[PDB]
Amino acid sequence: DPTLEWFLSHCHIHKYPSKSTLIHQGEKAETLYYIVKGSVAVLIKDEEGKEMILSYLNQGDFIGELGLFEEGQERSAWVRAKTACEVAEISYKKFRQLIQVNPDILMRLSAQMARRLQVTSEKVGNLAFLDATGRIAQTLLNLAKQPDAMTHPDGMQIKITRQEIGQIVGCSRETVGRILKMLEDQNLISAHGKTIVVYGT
């Protein structure tokens, strides 16, 4: 679509290998990013450096937007590539000029910002209101809706490790392993390696 094509014509596009850190928490923010290809994880940490996954973002998602609207702001989280990525970049200064030329590009960015607030608010609800079983169950549903999930005769197939699930839902790997065994016994999933089939999705 022509708004995005115009936007991307004002960016530079960089390639990043999987596992590369795109954005470091607490660095001064001067640049907006947009995922042309690939996916990333948005991470925060506790004081002893345990990570939690706030969000996955995918092709077509803006990143690094939270610093755009106020001078002096710092990055609010880490962003790490989970695949090879191609990521467009543009300075906030130049983007602010583009918005005045054609605010449709701000509409596209703001649409994502609103969705992210809705989704992160739902995550707050899950953490406040659900037990570990309820959280893992909801997480397996959510992962089954990510663009990289694969169709399967019995539902959707995902590849994710127990550690990674635990970092999404706020559980130990051990707790994840125990609940996944229970869900398998209840015939709600199957698990083979880092492969999980989420039935009925």
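The first residue of the shown sequence is 1; numbering continues from there.
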>> Quick check on the record: does 106-114 or 74-82 carry the larger mean Cα temperature factor?
In response: 74-82
>> Using only C-alpha atoms and the B-factors in the entry, which stretch averages higher, 165-173 or 44-52?
In response: 44-52
> Which of these, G134, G155, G38, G64, has its C-alpha atom at the highest B-factor, as the entry lists it?
Replying inline: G155
>> Among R178, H10, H14, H24, where is the Cα B factor highest in this entry?
In response: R178
> Considering only modelled residues of the same chain, in which third does the CA B-factor of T151 rank: lowest, middle or highest?
Replying inline: highest
>> Could you place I160 in the lowest, middle or highest third of its chain by Cα temperature factor, using the values in the record?
In response: highest
>> When the deposited Cα B-factors of this chain's modelled residues are ordered and cut into thirds, is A144 in the lowest, the middle or the highest one?
In response: highest
